[PDB]
file final-v6.txt (compact mmCIF, C-alpha atoms and all ligand atoms)
# COMPACT_ATOMS: atom_id res chain seq x y z
CA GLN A 27 95.88 52.34 80.85
CA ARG A 28 97.49 50.29 83.70
CA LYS A 29 96.85 53.56 85.68
CA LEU A 30 93.11 52.85 85.01
CA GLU A 31 93.41 49.19 86.21
CA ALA A 32 94.53 50.49 89.69
CA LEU A 33 91.45 52.76 90.22
CA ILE A 34 89.05 49.79 89.52
CA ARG A 35 91.07 47.39 91.80
CA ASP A 36 91.05 49.80 94.83
CA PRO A 37 88.04 49.29 97.18
CA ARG A 38 88.56 52.94 98.37
CA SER A 39 87.94 54.21 94.76
CA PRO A 40 84.41 55.36 93.69
CA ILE A 41 84.81 53.48 90.32
CA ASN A 42 85.59 49.99 91.73
CA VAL A 43 83.63 47.04 90.17
CA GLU A 44 81.06 46.93 93.09
CA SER A 45 80.36 50.70 92.50
CA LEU A 46 80.16 50.13 88.68
CA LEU A 47 77.67 47.23 89.28
CA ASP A 48 75.71 49.56 91.64
CA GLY A 49 75.80 51.97 88.63
CA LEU A 50 74.19 49.48 86.16
CA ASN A 51 71.68 48.13 88.78
CA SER A 52 70.44 51.63 89.88
CA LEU A 53 69.99 52.67 86.20
CA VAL A 54 67.85 49.52 85.48
CA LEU A 55 65.82 50.08 88.73
CA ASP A 56 65.05 53.74 87.78
CA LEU A 57 64.19 53.15 84.05
CA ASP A 58 62.12 49.87 84.21
CA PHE A 59 58.62 51.44 84.53
CA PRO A 60 55.73 51.29 81.99
CA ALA A 61 55.82 55.10 81.33
CA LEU A 62 59.59 55.49 80.56
CA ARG A 63 59.76 52.29 78.39
CA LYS A 64 57.63 54.16 75.75
CA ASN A 65 61.13 55.67 75.02
CA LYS A 66 62.90 53.31 72.49
CA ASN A 67 66.42 54.19 73.88
CA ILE A 68 65.27 53.08 77.40
CA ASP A 69 63.48 49.89 76.12
CA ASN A 70 66.57 48.89 73.95
CA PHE A 71 68.82 49.25 77.06
CA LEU A 72 66.48 47.40 79.48
CA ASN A 73 65.93 44.61 76.87
CA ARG A 74 69.77 44.14 76.57
CA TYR A 75 70.64 44.32 80.33
CA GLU A 76 67.47 43.81 82.50
CA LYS A 77 67.80 39.95 82.43
CA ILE A 78 71.51 39.65 83.59
CA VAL A 79 70.98 42.58 86.07
CA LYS A 80 68.30 40.41 87.87
CA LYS A 81 70.69 37.36 87.82
CA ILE A 82 73.40 39.58 89.52
CA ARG A 83 70.97 41.11 92.11
CA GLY A 84 70.29 37.41 92.93
CA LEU A 85 73.86 36.86 94.23
CA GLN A 86 74.05 40.27 96.07
CA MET A 87 73.90 40.10 99.95
CA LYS A 88 70.21 40.41 100.99
CA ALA A 89 68.31 41.34 104.19
CA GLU A 90 66.91 37.73 104.37
CA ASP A 91 70.54 36.42 104.70
CA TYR A 92 70.28 37.62 108.39
CA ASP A 93 68.08 36.61 111.38
CA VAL A 94 66.86 39.71 113.33
CA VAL A 95 67.59 38.76 117.00
CA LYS A 96 66.13 42.11 118.23
CA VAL A 97 66.01 45.93 117.63
CA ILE A 98 68.63 47.85 119.75
CA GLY A 99 67.77 51.40 118.51
CA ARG A 100 65.71 53.42 116.00
CA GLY A 101 66.93 56.51 114.07
CA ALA A 102 64.89 58.95 111.93
CA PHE A 103 66.08 57.09 108.78
CA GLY A 104 65.20 53.68 110.35
CA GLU A 105 66.45 51.17 112.91
CA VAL A 106 69.60 49.31 114.11
CA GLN A 107 69.14 45.52 114.50
CA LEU A 108 71.14 42.98 116.47
CA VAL A 109 71.27 40.23 113.78
CA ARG A 110 72.84 36.79 113.22
CA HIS A 111 74.03 35.95 109.66
CA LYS A 112 72.36 32.60 108.84
CA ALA A 113 75.29 30.91 106.92
CA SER A 114 78.22 32.11 109.14
CA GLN A 115 76.14 32.12 112.40
CA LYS A 116 78.10 35.33 113.33
CA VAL A 117 76.35 38.16 115.27
CA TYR A 118 76.44 41.76 113.94
CA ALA A 119 74.76 45.14 114.44
CA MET A 120 72.95 46.09 111.18
CA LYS A 121 71.88 49.74 110.63
CA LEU A 122 68.98 50.30 108.15
CA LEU A 123 68.61 53.66 106.27
CA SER A 124 65.24 54.18 104.42
CA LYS A 125 66.00 55.48 100.86
CA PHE A 126 62.41 56.91 100.84
CA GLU A 127 63.05 59.03 104.02
CA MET A 128 66.53 60.18 102.84
CA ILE A 129 65.16 61.22 99.37
CA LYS A 130 62.06 62.86 101.01
CA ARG A 131 64.25 64.87 103.52
CA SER A 132 66.68 65.91 100.66
CA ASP A 133 69.35 64.20 102.88
CA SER A 134 71.18 61.43 100.83
CA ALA A 135 74.95 62.24 101.33
CA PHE A 136 75.58 61.94 105.15
CA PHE A 137 76.37 58.17 104.96
CA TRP A 138 79.40 58.37 102.55
CA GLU A 139 81.91 59.60 105.25
CA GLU A 140 80.30 57.19 107.79
CA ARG A 141 80.85 54.18 105.42
CA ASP A 142 84.39 55.33 104.41
CA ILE A 143 85.44 55.73 108.13
CA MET A 144 83.96 52.41 109.44
CA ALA A 145 85.17 50.43 106.35
CA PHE A 146 88.79 51.74 106.24
CA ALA A 147 89.62 53.54 109.59
CA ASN A 148 91.12 50.25 110.90
CA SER A 149 91.33 51.88 114.38
CA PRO A 150 90.42 50.14 117.66
CA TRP A 151 88.62 53.51 118.40
CA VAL A 152 86.28 53.21 115.32
CA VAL A 153 83.42 50.65 115.15
CA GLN A 154 84.15 48.41 112.11
CA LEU A 155 82.01 47.87 108.92
CA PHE A 156 82.00 44.33 107.36
CA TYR A 157 79.20 44.80 104.77
CA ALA A 158 77.42 47.72 103.14
CA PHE A 159 74.67 46.52 100.73
CA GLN A 160 71.37 48.02 99.44
CA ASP A 161 68.00 46.94 98.00
CA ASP A 162 65.31 49.11 96.28
CA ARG A 163 64.05 50.43 99.70
CA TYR A 164 66.99 50.31 102.23
CA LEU A 165 70.74 50.94 102.80
CA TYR A 166 72.32 48.30 105.12
CA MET A 167 75.52 48.70 107.19
CA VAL A 168 76.59 45.40 108.96
CA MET A 169 78.95 46.52 111.81
CA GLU A 170 80.57 44.65 114.77
CA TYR A 171 78.11 44.49 117.73
CA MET A 172 79.04 46.70 120.74
CA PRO A 173 77.24 44.80 123.52
CA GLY A 174 78.28 47.23 126.34
CA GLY A 175 75.61 49.77 125.22
CA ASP A 176 76.30 53.54 124.79
CA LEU A 177 77.48 55.99 127.52
CA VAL A 178 74.06 57.75 127.65
CA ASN A 179 72.86 54.44 129.24
CA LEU A 180 76.00 54.10 131.52
CA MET A 181 75.74 57.71 132.87
CA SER A 182 71.98 57.10 133.63
CA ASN A 183 72.75 53.78 135.50
CA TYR A 184 75.69 55.03 137.70
CA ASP A 185 76.87 58.09 139.64
CA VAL A 186 80.13 58.54 137.61
CA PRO A 187 83.17 59.57 139.75
CA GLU A 188 86.13 61.70 138.42
CA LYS A 189 88.28 58.49 138.25
CA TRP A 190 85.75 57.05 135.67
CA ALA A 191 85.36 60.39 133.75
CA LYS A 192 89.23 60.63 133.48
CA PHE A 193 89.18 57.21 131.70
CA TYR A 194 86.08 57.74 129.48
CA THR A 195 87.26 61.32 128.55
CA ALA A 196 90.84 60.08 127.68
CA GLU A 197 89.42 57.27 125.45
CA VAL A 198 87.12 59.84 123.66
CA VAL A 199 90.17 62.18 123.26
CA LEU A 200 92.32 59.38 121.67
CA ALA A 201 89.33 58.33 119.48
CA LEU A 202 88.82 61.87 118.07
CA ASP A 203 92.62 62.21 117.59
CA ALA A 204 92.33 58.99 115.47
CA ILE A 205 89.39 60.50 113.45
CA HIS A 206 91.39 63.82 113.05
CA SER A 207 94.47 61.79 111.89
CA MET A 208 92.27 60.47 108.99
CA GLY A 209 91.74 64.13 107.85
CA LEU A 210 88.17 64.30 109.32
CA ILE A 211 86.49 66.51 111.98
CA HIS A 212 83.49 64.77 113.65
CA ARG A 213 81.24 67.75 114.76
CA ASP A 214 78.49 65.66 116.55
CA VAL A 215 80.57 64.06 119.39
CA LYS A 216 78.13 62.92 122.12
CA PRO A 217 77.56 59.98 124.50
CA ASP A 218 74.96 58.41 122.09
CA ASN A 219 77.79 57.92 119.46
CA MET A 220 80.16 56.49 122.15
CA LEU A 221 79.74 52.67 122.36
CA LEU A 222 81.31 50.14 124.78
CA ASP A 223 82.84 46.83 123.46
CA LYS A 224 82.65 43.44 125.35
CA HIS A 225 85.54 44.65 127.66
CA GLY A 226 83.99 48.05 128.65
CA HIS A 227 86.25 50.18 126.34
CA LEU A 228 85.00 52.99 124.01
CA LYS A 229 84.43 53.18 120.20
CA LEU A 230 82.90 56.10 118.15
CA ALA A 231 79.99 54.74 116.02
CA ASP A 232 77.89 57.48 114.28
CA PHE A 233 79.83 59.55 111.66
CA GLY A 234 77.04 61.16 109.54
CA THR A 235 78.30 64.70 110.41
CA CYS A 236 82.04 64.12 109.56
CA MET A 237 83.83 66.39 107.01
CA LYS A 238 87.19 66.17 105.11
CA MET A 239 89.59 69.05 106.06
CA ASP A 240 91.46 71.43 103.65
CA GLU A 241 95.13 70.81 102.78
CA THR A 242 95.45 73.32 105.75
CA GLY A 243 93.25 71.33 108.22
CA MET A 244 90.34 73.91 108.08
CA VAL A 245 86.82 73.48 106.51
CA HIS A 246 84.48 76.02 104.84
CA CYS A 247 81.03 74.92 106.20
CA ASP A 248 77.98 77.31 106.09
CA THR A 249 75.66 74.74 107.86
CA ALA A 250 75.18 74.45 111.68
CA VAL A 251 75.27 70.59 112.01
CA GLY A 252 75.25 68.21 115.02
CA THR A 253 72.95 67.97 118.08
CA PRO A 254 72.12 71.22 119.92
CA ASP A 255 73.43 70.62 123.53
CA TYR A 256 76.93 69.56 122.23
CA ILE A 257 77.33 71.97 119.23
CA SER A 258 80.27 74.49 119.30
CA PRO A 259 79.76 78.29 119.07
CA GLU A 260 81.87 78.51 115.85
CA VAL A 261 79.67 75.83 114.07
CA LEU A 262 76.40 77.55 115.23
CA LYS A 263 77.69 80.99 113.97
CA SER A 264 78.74 79.34 110.63
CA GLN A 265 75.01 79.02 109.62
CA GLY A 266 75.12 82.87 109.32
CA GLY A 267 77.81 82.15 106.66
CA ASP A 268 81.62 82.54 106.09
CA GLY A 269 82.14 79.39 108.26
CA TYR A 270 85.92 78.68 108.51
CA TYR A 271 87.13 76.48 111.43
CA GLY A 272 89.35 73.47 112.31
CA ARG A 273 89.05 70.32 114.45
CA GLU A 274 89.12 72.30 117.78
CA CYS A 275 85.25 72.26 117.35
CA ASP A 276 85.42 68.64 118.69
CA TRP A 277 87.31 69.60 121.89
CA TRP A 278 84.28 71.84 122.72
CA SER A 279 82.02 68.74 122.35
CA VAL A 280 84.36 66.86 124.84
CA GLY A 281 84.16 69.70 127.43
CA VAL A 282 80.32 69.53 127.21
CA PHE A 283 80.55 65.70 127.61
CA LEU A 284 82.90 65.95 130.66
CA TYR A 285 80.57 68.60 132.24
CA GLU A 286 77.44 66.38 131.82
CA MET A 287 79.30 63.30 133.18
CA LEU A 288 80.37 65.05 136.47
CA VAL A 289 77.50 67.62 136.96
CA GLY A 290 74.50 65.49 135.77
CA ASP A 291 72.96 67.86 133.14
CA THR A 292 74.40 69.48 129.93
CA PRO A 293 75.84 72.96 130.64
CA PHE A 294 73.63 74.77 128.00
CA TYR A 295 70.37 72.82 128.64
CA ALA A 296 67.10 74.72 127.87
CA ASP A 297 63.38 73.86 127.28
CA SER A 298 63.62 74.72 123.51
CA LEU A 299 66.25 74.23 120.75
CA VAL A 300 66.45 78.04 120.20
CA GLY A 301 66.91 78.31 124.03
CA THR A 302 69.96 75.98 124.06
CA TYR A 303 71.25 77.82 120.87
CA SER A 304 70.90 81.24 122.65
CA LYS A 305 72.75 79.89 125.76
CA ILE A 306 75.67 78.42 123.69
CA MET A 307 76.21 81.75 121.77
CA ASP A 308 76.33 83.45 125.24
CA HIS A 309 78.75 80.83 126.76
CA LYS A 310 81.02 83.54 128.33
CA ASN A 311 77.95 84.46 130.52
CA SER A 312 75.76 81.31 130.33
CA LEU A 313 78.29 78.63 131.53
CA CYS A 314 78.41 78.08 135.34
CA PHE A 315 78.41 75.06 137.77
CA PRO A 316 75.74 74.38 140.44
CA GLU A 317 76.53 75.71 144.00
CA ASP A 318 76.56 71.99 145.16
CA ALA A 319 77.51 69.22 142.60
CA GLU A 320 81.20 69.08 143.75
CA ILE A 321 84.07 69.05 141.14
CA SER A 322 87.91 69.05 141.75
CA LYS A 323 89.50 72.34 140.45
CA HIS A 324 91.45 70.16 137.90
CA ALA A 325 88.20 68.72 136.40
CA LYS A 326 86.45 72.16 136.48
CA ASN A 327 89.61 73.77 134.91
CA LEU A 328 89.69 71.25 131.98
CA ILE A 329 85.92 71.81 131.30
CA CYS A 330 86.36 75.66 131.17
CA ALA A 331 89.62 75.21 129.16
CA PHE A 332 87.42 73.35 126.57
CA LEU A 333 84.27 75.56 126.78
CA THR A 334 85.97 78.78 125.49
CA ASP A 335 86.20 80.57 122.09
CA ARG A 336 88.09 78.57 119.37
CA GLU A 337 91.13 80.92 119.49
CA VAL A 338 92.07 79.99 123.15
CA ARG A 339 90.46 76.49 123.36
CA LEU A 340 92.64 73.65 124.82
CA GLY A 341 93.81 71.54 121.82
CA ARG A 342 94.31 74.46 119.37
CA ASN A 343 98.14 73.85 119.32
CA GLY A 344 97.53 70.05 119.17
CA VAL A 345 96.31 67.08 121.29
CA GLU A 346 99.41 66.93 123.59
CA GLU A 347 98.20 70.09 125.52
CA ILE A 348 95.10 67.96 126.43
CA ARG A 349 97.09 64.81 127.31
CA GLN A 350 99.33 66.46 129.97
CA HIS A 351 96.48 68.34 131.72
CA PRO A 352 96.53 67.85 135.53
CA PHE A 353 93.02 66.21 135.51
CA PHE A 354 94.31 63.14 133.54
CA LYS A 355 97.26 62.38 135.93
CA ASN A 356 96.31 58.94 137.45
CA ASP A 357 97.75 55.57 138.71
CA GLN A 358 95.51 53.22 136.60
CA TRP A 359 96.65 53.91 132.97
CA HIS A 360 99.04 55.91 130.67
CA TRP A 361 97.97 57.15 127.17
CA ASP A 362 100.12 54.43 125.42
CA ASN A 363 98.21 51.53 127.08
CA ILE A 364 94.77 52.81 128.35
CA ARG A 365 92.72 50.51 126.00
CA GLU A 366 94.31 47.36 127.58
CA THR A 367 93.67 48.43 131.25
CA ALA A 368 90.45 47.37 133.09
CA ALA A 369 87.46 49.59 132.07
CA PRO A 370 85.40 51.17 134.90
CA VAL A 371 82.31 49.18 133.69
CA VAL A 372 83.04 45.71 132.20
CA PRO A 373 79.63 44.42 130.99
CA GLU A 374 78.10 41.10 132.23
CA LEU A 375 77.27 39.35 128.90
CA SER A 376 75.47 35.92 129.12
CA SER A 377 75.75 35.03 125.37
CA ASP A 378 76.70 36.36 121.88
CA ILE A 379 73.15 37.94 121.54
CA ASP A 380 72.85 39.51 125.07
CA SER A 381 71.40 43.03 124.37
CA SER A 382 70.57 43.92 128.03
CA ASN A 383 72.64 47.19 127.83
CA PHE A 384 70.14 48.35 125.12
CA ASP A 385 66.59 49.62 125.90
CA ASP A 386 63.56 48.05 124.11
CA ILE A 387 61.73 49.51 121.05
CA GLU A 388 58.34 49.03 119.23
CA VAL A 394 55.31 51.21 105.40
CA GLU A 395 56.27 54.14 103.01
CA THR A 396 57.68 53.10 99.54
CA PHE A 397 58.24 55.29 96.38
CA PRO A 398 55.50 56.18 93.82
CA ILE A 399 55.79 54.93 90.15
CA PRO A 400 57.45 57.81 88.22
CA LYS A 401 55.94 59.86 85.34
CA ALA A 402 59.42 60.52 83.78
CA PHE A 403 63.00 59.78 85.04
CA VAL A 404 63.33 60.85 88.74
CA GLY A 405 66.61 58.93 89.45
CA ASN A 406 65.72 57.81 93.03
CA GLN A 407 68.54 55.14 93.18
CA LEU A 408 71.32 57.45 91.78
CA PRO A 409 72.24 58.90 95.24
CA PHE A 410 73.31 55.38 96.50
CA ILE A 411 75.49 54.18 93.55
CA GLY A 412 78.80 53.08 95.18
CA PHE A 413 77.51 52.13 98.68
CA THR A 414 77.83 48.31 98.28
CA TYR A 415 81.01 47.15 100.18
CA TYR A 416 82.39 43.67 101.12
CA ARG A 417 85.34 43.04 103.52
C1 LIG B 1 77.73 49.25 115.53
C2 LIG B 1 76.97 48.97 116.80
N1 LIG B 1 77.18 47.92 117.60
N2 LIG B 1 76.29 48.02 118.68
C3 LIG B 1 75.56 49.09 118.54
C4 LIG B 1 75.97 49.73 117.34
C5 LIG B 1 75.42 50.97 116.78
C6 LIG B 1 74.25 51.50 117.15
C7 LIG B 1 73.89 52.68 116.50
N3 LIG B 1 72.75 53.43 116.68
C8 LIG B 1 72.50 54.50 116.00
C9 LIG B 1 71.18 55.19 116.32
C10 LIG B 1 70.43 55.63 115.05
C11 LIG B 1 69.94 57.08 115.31
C12 LIG B 1 69.15 57.12 116.64
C13 LIG B 1 70.08 56.76 117.81
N4 LIG B 1 71.37 56.36 117.22
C14 LIG B 1 72.02 57.54 116.58
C15 LIG B 1 71.15 58.02 115.41
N5 LIG B 1 73.40 54.98 115.06
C16 LIG B 1 74.57 54.30 114.82
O1 LIG B 1 75.37 54.72 113.99
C17 LIG B 1 74.84 53.10 115.56
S1 LIG B 1 76.19 51.96 115.53

call {"tool": "encode", "arguments": {"input": "final-v6.txt", "output": "structure tokens", "more": "lines below"}}
Ligand SMILES: Cc1[nH]ncc1-c1cc2nc([C@@H]3CC4CCN3CC4)[nH]c(=O)c2s1
result
Amino acid sequence: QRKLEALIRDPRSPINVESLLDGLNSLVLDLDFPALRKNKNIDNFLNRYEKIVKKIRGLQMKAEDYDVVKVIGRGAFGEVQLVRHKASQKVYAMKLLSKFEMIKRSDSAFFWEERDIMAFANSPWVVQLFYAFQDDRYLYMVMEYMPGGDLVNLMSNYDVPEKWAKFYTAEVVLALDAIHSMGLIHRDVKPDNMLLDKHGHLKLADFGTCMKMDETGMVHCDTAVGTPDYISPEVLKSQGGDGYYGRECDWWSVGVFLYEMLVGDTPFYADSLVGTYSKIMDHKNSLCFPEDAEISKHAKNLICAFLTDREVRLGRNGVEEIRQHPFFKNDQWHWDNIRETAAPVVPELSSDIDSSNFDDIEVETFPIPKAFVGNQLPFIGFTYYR
């Protein structure tokens, strides 16, 4: 029964006090309705607990605790805010996830791996989570602000030379190796998930697609997940079923990245989704480089070494194959020390709320239930404090 005490005390454990308090709060939120209270059992419970549950919710970190400096991006499940915490006066990036949209889309699991990784990864390659908290309508993740913007915005503001791509590719490679070392494969690696810190250096940021590996480093996934341009043939095929693949599905995503960075378009671009999907399946035929956009044989070799079948893909035998590829040989940095060299683009920040490397941006609650629907159950255990 001291064994029990350990589980509760561990912030990594799904039955820690904050997750047990989520448990009581979500039960009271999903029972307290006129209809359900006709049930004695439910009235007896809500009479006993409802009052103290409100008192507790009082102390819980709220949205109003933060000033919203401005919006730096909008997802399908809601927006990411540059915010300043009122009390501490510290600046964060806060991601909102609409519980209504996640419930409605039958999509209320993706965030667990994302929270786990940002909360506990403790890597200089992984954007860091300080606070997860929820209210009746929203999930909140309060992360460190990455004021350098994403690479999608860098690549569209600069002609990127090989010397830059070497750097940015190496940092992505080390970042994924970090993610892999935590027993996770990422699956949706792309420039939108690659963020630049105050010093111009890279950090992975979106993790909704990440999956625990077997004891044998494989996964059984029968869902084709991640964004179409950057998805691997093996992951696309695995929608047809009997999906069984390892982390080499991420080295594909890097090859695609490297191609886009040097060529100027994705290598399997098409007008439709199903067009891009068709091209990717046919990658032995479909991949080729424009008769102009010039690329050193080393760069072109690495790309094609990455954009092959899983069985012969660079990084199957491990990440050191990648590291000692001719393309990466350079005078600026070694792999031991890259993240303390000078980045190709060091951002010009004016203040702690400068969001100039982010483009500008510019009503749907739940209905009262008939009987128990359990709308808050999918988010028991989210709440996290550092
Ligand atoms: C932590 C941090 N510091 N500075 C910026 C950021 C982040 C910004 C961001 N943006 C998104 C958005 C939502 C959808 C639409 C486009 N992006 C992908 C999905 N997702 C994310 O995880 C993150 S982290």

call {"tool": "residues_near_ligand", "arguments": {"input": "final-v6.txt", "ligand": "ligand LIG 1 (chain B)", "cutoff": "6 Å", "atoms": "only C-alpha atoms and all ligand atoms", "output": "ChimeraX atom specification"}}
result
/A:99-101,106,119,153,169-173,231-232

call {"tool": "residues_around", "arguments": {"input": "final-v6.txt", "residues": "residue 399 of chain A", "least_positions_apart": "5", "cutoff": "10 Å", "atoms": "only C-alpha atoms", "output": "ChimeraX atom specification"}}
result
/A:56,59-61,404

call {"tool": "write_last_selection", "arguments": {"input": "final-v6.txt", "atoms": "C-alpha atoms", "output": "PDB file, keeping the file's coordinate frame"}}
result
ATOM      1  CA  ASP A  56      65.050  53.740  87.780  1.00  0.00           C
ATOM      2  CA  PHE A  59      58.620  51.440  84.530  1.00  0.00           C
ATOM      3  CA  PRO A  60      55.730  51.290  81.990  1.00  0.00           C
ATOM      4  CA  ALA A  61      55.820  55.100  81.330  1.00  0.00           C
ATOM      5  CA  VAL A 404      63.330  60.850  88.740  1.00  0.00           C
TER       6      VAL A 404
END

call {"tool": "atom_distance", "arguments": {"input": "final-v6.txt", "atom1": "atom CA of residue 245 of chain A", "atom2": "atom CA of residue 269 of chain A"}}
result
7.7 Å

call {"tool": "closest_atom_pairs", "arguments": {"input": "final-v6.txt", "of": "segment 85-193 of chain A", "to": "segment 349-356 of chain A", "cutoff": "10 Å", "atoms": "all atoms listed in the file", "output": "tab-separated table"}}
result
residue	atom	partner	partner_atom	distance
A:188	CA	A:353	CA	8.7
A:189	CA	A:356	CA	8.1
A:191	CA	A:354	CA	9.4
A:192	CA	A:354	CA	5.7
A:193	CA	A:354	CA	8.1

call {"tool": "axis_aligned_box", "arguments": {"input": "final-v6.txt", "around": "segment 165-170 of chain A", "padding_each_side": "3 Å", "output": "JSON"}}
result
{"center_x": 75.7, "center_y": 47.8, "center_z": 108.8, "size_x": 15.8, "size_y": 12.3, "size_z": 18.0}

call {"tool": "residues_around", "arguments": {"input": "final-v6.txt", "residues": "segment 144-152 of chain A", "least_positions_apart": "5", "cutoff": "7 Å", "atoms": "all atoms listed in the file", "output": "list in words"}}
result
residues 201, 228, 229, 230 and 231 of chain A

call {"tool": "closest_residue", "arguments": {"input": "final-v6.txt", "among": "A:209, A:380, A:374, A:403", "to": "residue 62 of chain A", "atoms": "all atoms listed in the file"}}
result
A:403

call {"tool": "closest_residue", "arguments": {"input": "final-v6.txt", "among": "A:128, A:82, A:180, A:321", "to": "residue 385 of chain A", "atoms": "only C-alpha atoms"}}
result
A:180

call {"tool": "atom_distance", "arguments": {"input": "final-v6.txt", "atom1": "atom CA of residue 194 of chain A", "atom2": "atom CA of residue 105 of chain A"}}
result
26.5 Å

call {"tool": "atom_distance", "arguments": {"input": "final-v6.txt", "atom1": "atom CA of residue 197 of chain A", "atom2": "atom CA of residue 211 of chain A"}}
result
16.6 Å

call {"tool": "residues_around", "arguments": {"input": "final-v6.txt", "residues": "residue 71 of chain A", "least_positions_apart": "6", "cutoff": "12 Å", "atoms": "all atoms listed in the file", "output": "JSON, numbers by chain"}}
result
{"A": [50, 53, 54, 57, 58, 62, 63, 65, 77, 78, 79]}

call {"tool": "closest_residue", "arguments": {"input": "final-v6.txt", "among": "A:400, A:243, A:341, A:49", "to": "residue 207 of chain A", "atoms": "all atoms listed in the file"}}
result
A:243

call {"tool": "closest_residue", "arguments": {"input": "final-v6.txt", "among": "A:83, A:362, A:407, A:142", "to": "residue 40 of chain A", "atoms": "all atoms listed in the file"}}
result
A:142

call {"tool": "closest_residue", "arguments": {"input": "final-v6.txt", "among": "A:89, A:282, A:328, A:371", "to": "residue 177 of chain A", "atoms": "only C-alpha atoms"}}
result
A:371

call {"tool": "closest_residue", "arguments": {"input": "final-v6.txt", "among": "A:81, A:325, A:311, A:124", "to": "residue 190 of chain A", "atoms": "all atoms listed in the file"}}
result
A:325

call {"tool": "residues_around", "arguments": {"input": "final-v6.txt", "residues": "residue 162 of chain A", "least_positions_apart": "4", "cutoff": "10 Å", "atoms": "only C-alpha atoms", "output": "ChimeraX atom specification"}}
result
/A:51-52,55-56,124-126,396-397,406-407

call {"tool": "residues_near_point", "arguments": {"input": "final-v6.txt", "point": "(77.6, 56.3, 126.0)", "cutoff": "8 Å", "atoms": "all atoms listed in the file", "output": "list in words"}}
result
residues 175, 176, 177, 178, 179, 180, 181, 216, 217, 218, 219, 220, 221 and 222 of chain A

call {"tool": "residues_near_point", "arguments": {"input": "final-v6.txt", "point": "(79.2, 58.0, 106.3)", "cutoff": "12 Å", "atoms": "only C-alpha atoms", "output": "CSV table (one decimal) with C-alpha atoms, keeping the file's coordinate frame"}}
result
chain,number,residue,atom,x,y,z
A,121,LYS,CA,71.9,49.7,110.6
A,123,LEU,CA,68.6,53.7,106.3
A,134,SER,CA,71.2,61.4,100.8
A,135,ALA,CA,75.0,62.2,101.3
A,136,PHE,CA,75.6,61.9,105.2
A,137,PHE,CA,76.4,58.2,105.0
A,138,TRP,CA,79.4,58.4,102.6
A,139,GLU,CA,81.9,59.6,105.2
A,140,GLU,CA,80.3,57.2,107.8
A,141,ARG,CA,80.8,54.2,105.4
A,142,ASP,CA,84.4,55.3,104.4
A,143,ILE,CA,85.4,55.7,108.1
A,144,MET,CA,84.0,52.4,109.4
A,145,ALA,CA,85.2,50.4,106.4
A,146,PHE,CA,88.8,51.7,106.2
A,147,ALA,CA,89.6,53.5,109.6
A,155,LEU,CA,82.0,47.9,108.9
A,158,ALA,CA,77.4,47.7,103.1
A,165,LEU,CA,70.7,50.9,102.8
A,166,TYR,CA,72.3,48.3,105.1
A,167,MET,CA,75.5,48.7,107.2
A,210,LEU,CA,88.2,64.3,109.3
A,212,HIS,CA,83.5,64.8,113.6
A,231,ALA,CA,80.0,54.7,116.0
A,232,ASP,CA,77.9,57.5,114.3
A,233,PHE,CA,79.8,59.6,111.7
A,234,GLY,CA,77.0,61.2,109.5
A,235,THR,CA,78.3,64.7,110.4
A,236,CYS,CA,82.0,64.1,109.6
A,237,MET,CA,83.8,66.4,107.0
A,238,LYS,CA,87.2,66.2,105.1
A,410,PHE,CA,73.3,55.4,96.5
A,413,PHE,CA,77.5,52.1,98.7
